[PDB]
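This document starts with one chain, in the form deposited in one PDB entry, laid out as structure tokens.
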């Protein structure tokens, strides 16, 4: 079974930069490798076919290289419209396979998130469920980890995360993590904590409340 591995899976850069993305195939696919750019809300757009052939109408800054198991896409001079996700696809074997994608975003100085925690509202509690919300605001780079602990018990499988698109003005992201519990369960415990790990923090930051301390 054929695997295509794209690297890096994420990278940041600045207008005018030169960047390189690579695709490795678990088996030789000769020259049967295409590269695509996809912007949010849009279909993929072909850049390079047959590993190195520039698709008609595609800007000359794009180039492809390689044959067999190892392939590269190069953008000589990054333009604003090139911040996007890139995919490779091999067409030598059925099934045709896509790589996992490489997200290219706007680079800026590292920014630690501001972390806020929100208890469930009395209104929600009236209806039988409790949502606890952790907000990570205005951080960069995008990678971040959130752990929930309820009275020191690690929570697994009962939270969901949502992340914004990169901000057009300050180039940051924000993320919300939502912990869901029954009213009954929420009221049996006291300390609600989310622990945040991010490159901009010297060490993981914890925000919590104690609903038993009033």
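Positions refer to the first chain, counted from 1.
Absent from the display: the form deposited in another entry. The rest refers to it.
Checking 189, 105, 31, 55 against the motion between the shown form and the other one, you find the hinge between the rigid parts at 105. Annotation: residue 79/residue 170 CA-CA distance shorter in the other form than in the displayed model, change of at least 3 Å. The distance between the CA atoms of residue 10 and residue 196 is at least 3 Å longer in the other form than in the form shown here.
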